[PDB]
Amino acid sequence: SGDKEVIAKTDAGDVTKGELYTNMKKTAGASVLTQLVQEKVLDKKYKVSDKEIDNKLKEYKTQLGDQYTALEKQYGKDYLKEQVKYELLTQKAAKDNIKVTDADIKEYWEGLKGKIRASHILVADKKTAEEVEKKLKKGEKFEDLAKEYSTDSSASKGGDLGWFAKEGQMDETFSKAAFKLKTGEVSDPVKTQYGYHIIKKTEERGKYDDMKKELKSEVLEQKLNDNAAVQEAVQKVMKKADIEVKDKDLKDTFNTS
């Protein structure tokens, strides 16, 4: 049969398709069956267009530059699209099925205490920083310049660092300087271990009820980057579907979760 197809020839004996299939199944059968079934069920429920696919694909090339071409050559252009489509589907499933309570929001608000949000631009030389300082004053936007100049991972994100307190969660040279700032204010070059920083304090923390709706959006984005929370959501969709595994070895793949 087709299982007799020789995958690899060796002087110590051949590896057949059947051998490959059997051992793959003990190893990866459950996880791949899971993905296959979920992308089928979700693709029928939620709808994802190539418009949507390319957008999250773009975010992936930037985050993963140069190494990208190796994956594109190794796996293929279509297979990557498929993986992206799967993520977008599981994301859509999670948005419809995840619910953040007000306990979660007030819980997020408290924990934002004594915290501030800020962006930064990381560079090597003090003259490079003054180059950027001048481009700012001329009117260029901070987010744009961070993408052009910043060495840090936040460079794609327009330099955003999210929330952080003064105590820890950062270098004391940076955070002291950041916390010294006023809201909306941009700093002068700040020398640190990593280099020179231009910091922009984005917002102070204050009040709940005023701040409620933005924090809800933040809580949700946070639950969307926890894959356990996503799969917890996706699995609800999978139960409501009638999945029947006919292969005994992989039964119970979806039965309980």
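One rule holds for the numbers: they count along the sequence shown, beginning at 1.
- Stretches compared: 218-226, 66-74. Higher mean C-alpha B-factor in the entry: 66-74.
- Look at the mean CA B-factor for 159-167 and for 84-92 in the entry; the higher one is 159-167.
- Of the candidates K147, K135, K115, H120, the PDB record gives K115 the highest C-alpha temperature factor.
- Take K26, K47, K200, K40 and read off each C-alpha B-factor from the entry; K47 has the highest.
- Sort the chain's modelled residues by C-alpha temperature factor and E232 lands in the lowest third, per the entry.
- Split the chain's modelled residues into thirds by C-alpha temperature factor. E143 is in the lowest one.
- The entry lists a Cα temperature factor for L33 that places it in the lowest third of the chain's modelled residues.
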